[PDB]
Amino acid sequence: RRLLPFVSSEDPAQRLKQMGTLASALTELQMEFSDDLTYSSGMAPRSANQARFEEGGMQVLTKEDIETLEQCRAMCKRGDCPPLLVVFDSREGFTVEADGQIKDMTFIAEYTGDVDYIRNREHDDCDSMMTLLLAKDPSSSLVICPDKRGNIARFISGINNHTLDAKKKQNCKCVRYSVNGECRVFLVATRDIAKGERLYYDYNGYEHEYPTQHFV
């Protein structure tokens, strides 16, 4: 199984419109765009992000899939964003939908924001924190915080883990891979997603730290 680069929208105006929905949602939350992990003051240094600290180990991203990741990042940088649209929904808040076809195994985005110790975030009200590193020593555990800086990943919806039929809404998956010895969090399509289809993944895919009883 190999990661696939996304196919960005052929129409330049369509890519502009897409990028604009993300810009609007970021501006709405008073956030700055960041397509990388940021290591801020009074938070975690880049040195703290070391994959050998993962309790039980972390799978390594292969050379083939790293080139795929770099290819997607270069595309984002040049202007070829993934074919995603940020759309406000009254029942979910901001959501992400496919604004083009996304085949199975296609790289969607990296989960970005500020990396901080879980110990500095135990009572943080941010509705979008994501576990980065789960260390044996709980003072070494890290969390991604897209409260001030972040990308599209933080707007992607989750499934209700309590309903009999909610698992059916899941069309993408959040995995953690080792890249140059560091922890990285990625989103990948788990099935062929059509234009307009809402992206959903399991927020409780390893731990069960996110309350989903009320999700739609």
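Throughout, we count residues from 1 along the sequence that is shown.
Set 120 to 128 against 107 to 115 and average the Cα temperature factors; 120 to 128 ends up higher.
Relative to its counterpart among 133 to 141 and 84 to 92, 133 to 141 has the higher mean temperature factor, C-alpha atoms as listed in the PDB entry. Taking the PDB entry at face value, the top CA B factor among 162, 191, 63, 167 belongs to 63. For residue 30, the recorded CA temperature factor ranks within the middle third of the chain's modelled residues. Remark: residue 98 belongs to the lowest third of its chain, ranked by C-alpha B-factor as recorded. When the modelled residues of the chain are ordered by their C-alpha B factor, residue 181 lands in the middle third. Placement of the Cα temperature factor of residue 69 within the chain: highest third of the modelled residues, per the deposited record. When the modelled residues of the chain are ordered by C-alpha B-factor, residue 22 sits in the lowest third.
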